[PDB]
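# Per-entry structural report
Below, each chain spelled out in residue letters.
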Amino acid sequence: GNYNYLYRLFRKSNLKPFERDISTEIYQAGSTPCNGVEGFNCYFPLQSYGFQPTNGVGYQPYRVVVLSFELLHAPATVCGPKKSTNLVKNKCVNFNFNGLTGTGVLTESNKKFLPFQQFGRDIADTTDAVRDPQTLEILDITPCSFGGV
Amino acid sequence: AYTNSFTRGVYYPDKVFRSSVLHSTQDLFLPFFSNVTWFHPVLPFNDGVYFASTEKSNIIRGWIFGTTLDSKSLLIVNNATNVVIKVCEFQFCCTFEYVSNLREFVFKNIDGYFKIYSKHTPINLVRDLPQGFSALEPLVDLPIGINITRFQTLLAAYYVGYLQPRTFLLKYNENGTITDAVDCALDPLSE
Ligand SMILES: *[C@@H]1O[C@H](CO)[C@@H](O[C@@H]2O[C@H](CO)[C@@H](O)[C@H](O)[C@H]2NC(C)=O)[C@H](O)[C@H]1NC(C)=O
Ligand SMILES: *[C@@H]1O[C@H](CO)[C@@H](O)[C@H](O)[C@H]1NC(C)=O
Ligand SMILES: *[C@@H]1O[C@H](CO)[C@@H](O)[C@H](O)[C@H]1NC(C)=O
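With that settled, consider the overall build of chain A. Secondary structure assignment for chain A yields 0 helices and 8 strands. Secondary structure elements in chain A, listed N-terminal to C-terminal, are β-β-β-β-β-β-β-β. Whereas a compact globule of 149 residues would reach a radius of gyration of roughly 15 Å, chain A reaches 28 Å, over 25% beyond that. Expressed as lengths along the three principal axes of its C-alpha atoms, the size of chain A is roughly 80 × 40 × 35 Å. Long-range contacts, defined as pairs at least 24 residues apart, comprise 43% of the intrachain contacts of chain A with a sequence gap of at least 6.

Below, the structure written as structure tokens:
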């Protein structure tokens, strides 16, 4: 029986998202103050898992990894295996800047981006300008010509 | 002591550039014309804090955060030329380690992330915070995941205010800097 893995069994309130509580304060389950002394209604908040190879699959140990990432609002440092391509201006093209995809014309801009800002936005919440991930230059995005026939 | 936080405490709520627009956004802000406490001590960290310092030789350097604040919590300290943030249960009179006029900071703890915004601006005044407007761009997002209910500075007077969930109407100019704002609950005209 492997008892090295623990879980918190008691707590005065539920955890907020991504909160981390490693405290070992004695939990007072009754009206008697514990004063740091374990006993009746005074429990150690942690309890060990019972992991034996003969245990049922429901009681078998599982390893869990949760990847948390926030999507495009700022410069990025973790990308997929996707390759890159040269850049062409003044022609309607399909652009993909750091996973932000779209279609339009990219032109030299006069916008003054701050170091923590990746891409701009239009009044319609559509992207208006972007920062080229390889060259620190601001490209203005203008949808290419259209109209009724 | 107490003083009036005329229009300060506004910070870029998003890392997205905008220009020549009036954008409305709701978040934890410092209400306009609020009573901010002036210290020439431990304080609560209810829902975020606006801190301000006027310095001549940079006496104030550090912050302590936590519930009990004594070896059972965050610590921040500016050693000469190196910001140092730790979450060890330090001994004062580890699961994280980070290493890098008027100064204004905003501290927020949302979903276990500690957001620190900080501006800087020269001023010639010795009474209180000057009247004016400026925006506090973000500087740090920290994945502490640590409970917060109190803080205390470490040092030159300073100013402390508290944030509330108030809607604001930020004015982005041609160059993308917030030049003006309107608290949506300050007064009838503001509404
Ligand atoms: C973070 O720590 C604070 C301690 O300051 C917790 O607040 C306590 O919550 C319990 C819940 O029943 C109350 O009985 C205490 O009176 C609270 N203490 C204070 C000083 O207000 C808070 O619950 C903790 N956060 C979470 C998510 O549990
Ligand atoms: C990445 O691109 C920039 C500009 O395109 C260049 O200066 C830099 O050397 C490149 N880095 C590598 C590792 O090739
Ligand atoms: C924007 O920057 C230009 C210089 O690039 C300057 O002339 C202009 O005054 C700035 N606009 C504002 C509103 O500060």
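Our next topic: the packing of aromatic side chains. Two aromatic rings, taken as a pair, are described by how far apart their centres are and by the angle between their planes. Overall, the coordinates contain 28 aromatic pairs over all chains when judged by the stated rule. Both rings, one in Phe95 of chain A and one in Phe97 of chain A, keep their centres 6.0 Å apart while their planes meet at 40°; by these two values the pair is tilted. Its relative accessible area of 10% is what places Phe95 of chain A among the buried residues. Chaining the aromatic ring pairs together yields one cluster made of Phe39, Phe45, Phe51, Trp63, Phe65, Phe105, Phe107, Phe114, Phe151 and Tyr158 of chain B.

Below, the discussion takes up the sheet that holds strand β5 (residues 49-54) of chain B. Residues and elements named next belong to chain B. Spatially, β1-β3-β14-β5-β10-β11-β12 is the arrangement adopted by the 7 strands of the open sheet, whose pairing is antiparallel. Of all the strands in the sheet, just β1 (2-5) and β12 (138-142) have a single pairing partner and so form its edges. On average, adjacent strands in this sheet sit at an angle of 25° to one another, irrespective of strand direction. Pairing of β5 with strand β10 (residues 102-110) involves 6 bridges; the strand directions are antiparallel. Each bridged residue has a counterpart across the sheet, and for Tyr50 the counterpart in β10 is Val106.

UniProt pairs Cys88 of chain B with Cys94 of chain B in a disulfide, and the coordinates agree: the sulfur atoms lie 2.0 Å from each other. Assessed through its relative accessible area of 14%, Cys88 of chain B is described here as buried.

All names here are of chain A. Enumeration according to the criterion identifies 3 disulfides over all chains in this entry. In this model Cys92 forms its disulfide with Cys144; the gap between the sulfur atoms is 2.0 Å. Of note, the bridge from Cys92 to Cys144 carries an S-S torsion of about -60° and is left-handed in sense. Of this pair, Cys92 sits in the loop between β4 (46-48) and β5 (93-97) while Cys144 sits in the segment after β8 (138-142), placing them 52 residues apart in sequence. Overall, the relative accessible area of 29% leaves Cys144 in the partly exposed class. Across chain A, the way the bonded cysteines pair up, counted in sequence order, is 1-2, 3-4.

Our next topic: the UniProt feature "disulfide bond" in chain A. Inspection of the UniProt-annotated bridge between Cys34 of chain A and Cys42 of chain A gives a sulfur distance of 2.0 Å, within the under-2.5 Å criterion for a formed disulfide. Here the two residues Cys34 of chain A and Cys42 of chain A agree in accessibility, since each one is buried.

Attention now goes to the interface of chain A and chain B. Counting residues at the interface gives 18 residues for chain A and 17 residues for chain B. The interface formed by chain A and chain B contains 0 salt bridges. Residues of the side of chain A that touches chain B, tallied by class, amount to 9 nonpolar, 4 polar and 5 charged.

As a further point, take the site of ligand 1. Taken together, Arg11, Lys12, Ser13, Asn14, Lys16 and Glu19 of chain A together with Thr67, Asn147 and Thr149 of chain B form the complete shell of residues around ligand 1. Residues lining ligand 1 come from chains A and B. For ligand 1, an oxygen atom lies 2.3 Å from a polar atom in the side chain of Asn147 of chain B. Coverage of ligand 1 by the protein chains reaches 44% of its 560 Å² of free accessible surface. Of the residues that constitute the shell around ligand 1, the class distribution is no nonpolar, 5 polar and 4 charged.

Another point: a nonpolar patch on the surface. A cluster of nonpolar side chains, namely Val57, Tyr62, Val64 and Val66 of chain A, defines an oily patch on the protein surface of about 490 Å² accessible area. For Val57 of chain A, the location among the structural elements is in the loop between β4 and β5.

Here we come to the environment of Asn90 of chain A. Residues and elements named next belong to chain A. Considering the arrangement of structural elements, one finds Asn90 in the loop between β4 and β5. Between the alpha carbons of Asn90 and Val149 there is a distance of 24 Å; along the sequence they are 59 residues apart. Excluding its chain neighbours within four sequence positions, the residues that come into contact with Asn90 are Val105, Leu106 and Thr107.

The subject of this paragraph is the sheet that holds strand β15 (residues 164-172) of chain B. Residues and elements named next belong to chain B. Pairing within the open sheet is antiparallel, and its 3 strands lie in the order β2-β15-β16. The outermost strands of the open sheet, each flanked by one partner alone, are β2 (21-29) and β16 (178-180). Strand after strand, the sheet turns through a mean of 50° between neighbouring axes, direction not considered. Sheet topology places β2 next to β15; 9 bridges connect them, and they run antiparallel. By the bridge assignment, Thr25 is partnered in β15 with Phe168.

If you add up the space inside the largest pocket, you get close to 2,100 Å³. Around the largest pocket, the lining is made up of 49 residues, and of these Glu70, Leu72, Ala74, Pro75 and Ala76 of chain A lie nearest the centre. Taken together, the elements giving at least two residues each to the lining of the largest pocket come down to β5 of chain A together with β10, β11 (113-121) and β12 of chain B. The element contributing the most residues to the lining of the largest pocket is β5 of chain A, with 5 residues.

The rules we used
- Per the conventions used, each chain is numbered from 1 along its written sequence, independently of whether this matches the entry, and residues without coordinates are not displayed.
- Here chains are named by letter from A upward and ligands by number from 1 upward, in the order in which they appear as written.
- Any value you read here covers just the chains shown, which are one part of a larger assembly.
- Side-chain descriptors were evaluated using all non-hydrogen atoms of the structure, hydrogens and water having been removed beforehand.
- Residues with missing side-chain atoms are left out of burial classes, side-chain pairs and their counts.
- Each helix is a run of DSSP H or I of at least 4 residues and each strand a run of E of at least 2, with the numbering of both proceeding from the N terminus.
- Here the globule rule reads 2.2 Å times residues to the power 0.38, and the radius of gyration is calculated from C-alpha atoms.
- Contacts between residues were defined by any pair of non-hydrogen atoms, one from each residue, lying within 4.5 Å.
- Stacked, tilted and edge-to-face are the three classes assigned to paired rings of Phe, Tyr and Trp, where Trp is represented by its six-membered ring and a pair needs centres within 6.5 Å; plane angles under 30 degrees give stacked, over 60 edge-to-face, the rest tilted.
- Residue burial is assigned from relative accessible area. The probe radius is 1.4 Å, only protein chains are included, and a residue is buried under 20% of its type maximum, exposed over 50%, and partly exposed in between.
- At least two DSSP bridges between two strands are required for those strands to pair.
- Axes here refer to lines fitted to C-alpha atoms; in helices the fit is confined to the stretch in contact. Angles between the N-to-C directions go from 0 to 180 degrees.
- Two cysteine sulfurs form a disulfide in these notes if their separation is within 2.5 Å.
- UniProt positions are given in the numbering used here, feature names are shortened, and annotations may be inferred rather than shown by experiment.
- Think of a salt bridge as a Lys or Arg side-chain nitrogen and an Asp or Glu carboxyl oxygen that are within 4 Å of each other.
- Ten residue types, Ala, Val, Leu, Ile, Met, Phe, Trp, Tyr, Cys and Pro, are classed as nonpolar, four, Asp, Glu, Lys and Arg, as charged, and the remainder, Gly among them, as polar.
- The near set for a molecule or strand comprises every residue that places at least one heavy atom within 4 Å of it.
- Two N or O atoms count as a polar contact when they lie within 3.5 Å, although within protein this holds only if one can serve as hydrogen donor and the other as acceptor, and sequence-adjacent residues are included solely when both atoms are side-chain atoms.
- For every accessible area listed, the method is Shrake-Rupley and the probe measures 1.4 Å; residues are considered covered only by the protein chains on display.
- A residue counts toward a patch only above 30% relative accessible area and without a salt bridge, and it is joined to like-charged neighbours within 9 Å or, for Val, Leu, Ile, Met, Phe, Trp and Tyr, to nonpolar neighbours within 5 Å.
- Buried and open spaces are told apart on a 1 Å grid over the protein atoms alone, a cavity being a set of points where a 1.4 Å probe fits but cannot get out and a pocket being an open set with protein on both sides within 12 Å along at least five of seven lines. Residues with an atom within 4 Å of a point are the lining residues.
- Grid points are joined across faces, edges and corners, and a volume is the space filled by probe spheres set on the points.

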